[PDB]
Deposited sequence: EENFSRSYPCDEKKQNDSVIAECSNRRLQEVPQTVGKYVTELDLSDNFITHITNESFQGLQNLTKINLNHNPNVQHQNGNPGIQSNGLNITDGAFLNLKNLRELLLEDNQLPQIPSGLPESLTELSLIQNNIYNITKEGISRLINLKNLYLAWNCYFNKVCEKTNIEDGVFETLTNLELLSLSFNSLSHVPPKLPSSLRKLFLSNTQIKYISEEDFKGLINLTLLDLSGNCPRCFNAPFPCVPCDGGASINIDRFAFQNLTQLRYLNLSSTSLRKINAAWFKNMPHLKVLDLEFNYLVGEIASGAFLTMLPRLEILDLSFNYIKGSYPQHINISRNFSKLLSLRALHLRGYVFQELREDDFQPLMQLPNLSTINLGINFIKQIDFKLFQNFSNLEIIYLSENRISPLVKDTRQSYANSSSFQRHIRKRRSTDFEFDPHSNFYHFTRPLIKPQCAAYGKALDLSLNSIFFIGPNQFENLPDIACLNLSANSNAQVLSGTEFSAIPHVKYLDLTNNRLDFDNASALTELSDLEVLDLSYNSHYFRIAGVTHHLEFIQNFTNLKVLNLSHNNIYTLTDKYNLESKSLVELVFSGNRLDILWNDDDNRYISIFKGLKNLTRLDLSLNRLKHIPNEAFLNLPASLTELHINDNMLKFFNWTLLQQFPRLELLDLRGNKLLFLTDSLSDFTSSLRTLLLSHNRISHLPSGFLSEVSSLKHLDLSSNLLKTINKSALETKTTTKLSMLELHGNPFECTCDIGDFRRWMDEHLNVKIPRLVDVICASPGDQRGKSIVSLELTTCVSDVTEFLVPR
């Protein structure tokens, strides 16, 4: 097996992963046929022309974040690598562009360094460069020099498609840029003025990022320097006249008050326009520029609020009706009190508008009937408002917003999604969900809802398939709760412990049995320790129950038989999570009453000192058993007699100091065994060896206190004989003794 790297052939190329292995130098034991080498997050301090000596087929090298506790690179160190195309050298404290880089380079990343001069000696010979990243070298309150770009430095790069110079002090757009450019990033570069000459001849440019130039600095979560008097970026009327192929334009945080419509007259394919963190409330109301954007699919006008103004309504121009290709509209942080039906008339005839994002607007009232008149809304995102009852910075990420999905894909897969989470809908009245479309995914998480659901609250939206009611104070005091949602498949009641933790009040979970199609139920972190009248959970359909963060230590108290069959009635259950239940021991009768249909059982992060392995005989379909983070001291020596279906056995973070002789004899089905972070001093050959067919492909042993005397030789010989079983984190499978090998890996 390879060491220190994890070498894998996927598919024509051979990849070597040597990241985060505290390597002081590049290892001279890397496979000769490796093509892509990842040495990021190590303590490597020096690179010479001998560092990559016998690796002639090397096309990619990643030396990011080296050292971790600056990287010294000699001139022409990678010059013998005639096949090197991609070289990542980010966060290396490099003071200059390395001299003598190979002419074969197609991608070069020098992000997060101290490089303040872009010179011809450094990059003019790299005529094959397609992607060049020099972002985040001088920014924020970092002590750094102004970025000098030598005249015509990028001119010879006739194949350059991507150039990123963001988060550097430039002041001006660098002149003499190659016409082959497709993507030009100049975000946070202190460029206050864009003339007609700056983007001249860039007829192939599909993306231009000019965000953070003359930024809007009020309430900035980062060091922010505005232009003189909080002034706007000055973009000439003809600045984008040759940008005929532009698809992406980012003007976020450029302190814009006006959008010149003439900017888009020669830009017929503009698809994505970011105008977040500007002063465009006036332009949103009048919007002459909206008539010039027929192909636009994504428009972001978030956080354009006027400081000190909380208006009653949102003023949307009738020209929003000209955005025929619009798919998503982001209007977060506009800030207004009420959304009326007539306010969104300009968007109601757009055929592909599937997403409307109105989060963080402090909205108190909404006429929900307005969403019905839309052509085909699929995501109505109203999270984080004040709706009451109806009466450090990652350089390869978006700096001004999270690119994550608004709704969970598992919820949105069912159909129309309505997100009303993080609001104040503390009580759902009889007409709360009146006049809403056929909502399939509904999120009412964190609404301070302390009501007793009784089977009538969701009757106007009866086709909800995924319901999220997490982080509320729900009072489960009625057996008919949620039963009106006949087709409900996923129900999340996590973090509704308020009333469950009070013994004196009544608790009713009988409604679970009345669903014919309920598949997933999450009752996590509810502190459930007592139920009224019905002590059992029953369901002919339920497939998964998450019961983590409850009190099975109390429910399965030795002197109490009432909750002994609490899960037996879940006749179709395949996945059960009993983690975080403070279980010191599970009664044998309680374990025997778990559904026999179980394929995955999690009992991790409890306090189990013992586990009766014999009881696995009554679970003929158990594939995954997870007992991590317990206090188990012993393992059974005849697991084959108790199970013939177990594929994954997780036992990490326990107190197992001995692996029984013949532990894996005749098991056959076991593929993954995790014994990491236990107290194993050694592994005897007999504890792993087998006389039957073995499907063991993964064995984890990192974090065990291994005594590296000659007694560890039988295990090392076993490792050499069984290359098919992968032992991950081989550098963390460290010797604890003797002294002369205390920090070394087992392989030595």
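Of the deposited sequence, positions 1 to 5, 75 to 86, 409 to 433, 791 to 807 lack any modelled C-alpha atom.
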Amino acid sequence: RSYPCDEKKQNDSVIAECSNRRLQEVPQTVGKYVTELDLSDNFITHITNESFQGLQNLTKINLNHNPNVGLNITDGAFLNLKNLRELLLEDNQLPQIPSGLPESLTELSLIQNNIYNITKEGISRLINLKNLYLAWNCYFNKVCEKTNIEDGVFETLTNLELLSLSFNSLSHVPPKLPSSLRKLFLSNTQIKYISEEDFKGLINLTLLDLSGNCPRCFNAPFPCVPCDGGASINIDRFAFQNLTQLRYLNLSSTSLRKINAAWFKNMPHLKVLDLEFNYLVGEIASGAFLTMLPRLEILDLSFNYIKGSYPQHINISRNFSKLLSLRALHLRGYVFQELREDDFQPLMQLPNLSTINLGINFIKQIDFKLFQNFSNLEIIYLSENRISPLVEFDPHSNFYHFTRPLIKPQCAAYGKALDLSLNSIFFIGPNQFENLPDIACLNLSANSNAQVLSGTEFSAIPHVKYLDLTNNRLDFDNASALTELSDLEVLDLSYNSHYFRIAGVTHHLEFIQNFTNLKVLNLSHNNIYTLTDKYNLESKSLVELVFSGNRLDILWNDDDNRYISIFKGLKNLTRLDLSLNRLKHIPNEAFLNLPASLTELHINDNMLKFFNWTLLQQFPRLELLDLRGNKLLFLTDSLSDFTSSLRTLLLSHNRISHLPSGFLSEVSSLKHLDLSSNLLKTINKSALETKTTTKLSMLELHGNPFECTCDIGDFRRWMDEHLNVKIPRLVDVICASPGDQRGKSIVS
From here on, numbers count along this sequence of modelled residues.
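Under this definition, the rigid core comprises the largest set of C-alpha atoms superposing within 1.5 Å between the forms.
Fitting each structure in 9 other deposited structures of this protein onto the rigid core and averaging C-alpha distances over structures and residues, 500 to 508 emerges as the more displaced of 470 to 478 and 500 to 508.
Stretch comparison, 214 to 222 versus 313 to 321: after rigid core superposition, larger RMS CA deviation in 9 other deposited structures of this protein is found for 214 to 222. Modelling of residue 391 is missing from a third or more of the other compared entries in which both of its neighbours are modelled. Of the other compared PDB entries of this protein that include residues on both sides, at least a third leave residue 693 without atoms. Here 304 to 312 and 140 to 148 are compared by their mean Cα B-factor, and 140 to 148 comes out higher. Higher average CA B factor: 673 to 681, of the stretches 673 to 681 and 214 to 222. Reading the B-factor column for the CA atoms of 269, 386, 568, 82 in the entry, the top value corresponds to 82. You'll see in the entry that, of 188, 536, 604, 638, the Cα B factor peaks at 638. Residue-level temperature factors show residue 75 in the highest third of its chain, judged at the C-alpha atom.
When all modelled residues of the chain are sorted by CA temperature factor, residue 374 is found within the highest third. For residue 515, the recorded CA B-factor ranks within the middle third of the chain. Only modelled residues enter the ranking. Among the modelled residues of the chain, residue 247 sits in the lowest third by CA temperature factor in this PDB entry.
Placement of the Cα temperature factor of residue 447 within the chain: lowest third of the modelled residues, per the deposited record.
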